[PDB]
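# Commentary on secondary and tertiary structure
Here are the chains, one letter per residue:
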Amino acid sequence: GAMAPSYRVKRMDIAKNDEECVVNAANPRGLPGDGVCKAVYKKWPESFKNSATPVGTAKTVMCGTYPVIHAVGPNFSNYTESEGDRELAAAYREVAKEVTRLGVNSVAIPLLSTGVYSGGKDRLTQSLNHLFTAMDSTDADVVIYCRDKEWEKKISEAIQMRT
Ligand SMILES: [Cl-]
Ligand SMILES: [Cl-]
Ligand SMILES: [Cl-]
């Protein structure tokens, strides 16, 4: 575990992370996809061997010795608000199990279901709170990656406000 487990946020490409493992915002079929999933495919393509996994689950595949945890958030275009919320909470609980199993001291994580799976809604607070519910009991250093300047400020404020 990390000596003083922390949350941090960075505004940059998660493909350039400085952590011991990465969470992919995957699709259920293990396809290259778009956004975070596409950048992960370009950086760790070997990790997409047998990566297909259902909504609300996480599956780790090693790229050399570097773990890629494929976490499948719901597409809120397809799910009701209620069922989507349950599956989004579940995907993050499976991330916490994988991070613990791997024994890593740090993990890079995107906000699941906030991009093209958001069903056109702002889900920063919803996705972040489910991330916290899952990861709070882990002792890894968590580094959240985002691309938008106003999302970086809002994530940073939510972190510091618990400290
Ligand atoms: Cl960048
Ligand atoms: Cl997404
Ligand atoms: Cl973002």
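Residues numbered from 1 in each chain as written, not as in the entry; some residues may be left out. Chains lettered and ligands numbered in written order. Heavy atoms only, no water.

- As documented in the archive entry, the model was determined using X-ray crystallography at 1.53 Å resolution.

### A short note on the overall build of the chain
- Counting secondary structure elements, the chain contains four helices and six strands.
- Listing each helix as α and each strand as β along the chain from the N terminus yields β-β-α-β-β-α-β-α-β-α.
- For the chain, whose C-alpha radius of gyration is 14 Å, the value lies close to the compact-globule estimate of 15 Å for 163 residues.
- Each principal axis of the C-alpha atoms in the chain carries an extent, and together these give about 40 × 35 × 25 Å.
- Within the chain, the proportion of its 163 residues that are buried is 49%.
- At a minimum sequence separation of 6, the contacts of the chain that also span at least 24 residues come to 67%. (Helix = DSSP H or I, 4+ residues; strand = E, 2+ residues; numbered from the N terminus. Rg over C-alpha atoms; globule rule 2.2 N^0.38 Å. Buried < 20%, exposed > 50% of the residue type's maximum accessible area, 1.4 Å probe, protein only. Contact = heavy atoms within 4.5 Å.)

### Some details on unusual backbone geometry
- Within the chain, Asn 50 stands out as a residue other than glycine whose phi angle is a positive 55°.
- Residue classification places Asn 50 among the exposed residues on the basis of a relative accessible area of 56%.

### Overview of the side chain of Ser 47
- Residue placement: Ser 47 occurs in the loop between helix 1 (36-43) and strand 3 (58-63).
- Note on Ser 47: relative accessible area 0%, which makes it buried.
- Here the side chain of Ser 47 touches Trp 44 through a polar contact of 2.8 Å, landing on its backbone oxygen. (Polar contact = N/O pair within 3.5 Å; in protein donor to acceptor, adjacent residues only side chain to side chain.)

### Quick word on the environment of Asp 136
- Position of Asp 136 among the secondary structure elements: in the loop between helix 3 (124-135) and strand 6 (141-146).
- With relative accessibility at 41%, the residue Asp 136 sits in the partly exposed group.
- When the C-alpha atoms of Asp 136 and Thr 114 are compared, they prove to be 20 Å apart, with 22 residues separating the residues in sequence.
- Not counting the four nearest positions on each side in its chain, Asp 136 is found in contact with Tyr 7 and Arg 162.
- Only 2.8 Å separates the side chain of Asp 136 from the side chain of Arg 162, close enough to count as a polar contact.

### Here's the deal with the environment of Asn 105
- Mapped onto the elements of the fold, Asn 105 is located in the loop between helix 2 (81-102) and strand 5 (106-110).
- Between the C-alpha atoms of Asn 105 and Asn 50, which are 55 residues apart in sequence, the distance is 26 Å.
- Setting aside residues up to four positions removed in sequence, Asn 105 forms contacts with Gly 1, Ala 2, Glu 20, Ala 140 and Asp 141.
- Here the side chain of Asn 105 touches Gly 1 through a polar contact of 2.8 Å, landing on its backbone nitrogen.

### Topic: helix 4 (residues 149-160)
- Its 12 residues give helix 4 an end-to-end C-alpha distance of 17 Å, which sits within 8% of 16 Å, the value for a rise of 1.5 Å per residue.
- Of all the positions in helix 4, only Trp 151, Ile 155 and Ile 159 are classed as buried. Each buried residue of helix 4 sits inside an arc of 70° when the element is viewed along its axis, so together they form one side.
- Looking at the buried residues of helix 4, the elements they touch are strand 1 (7-11), helix 3 and strand 6. (Expected span 1.5 Å × (residues − 1). Arc of directions from axis to C-beta.)

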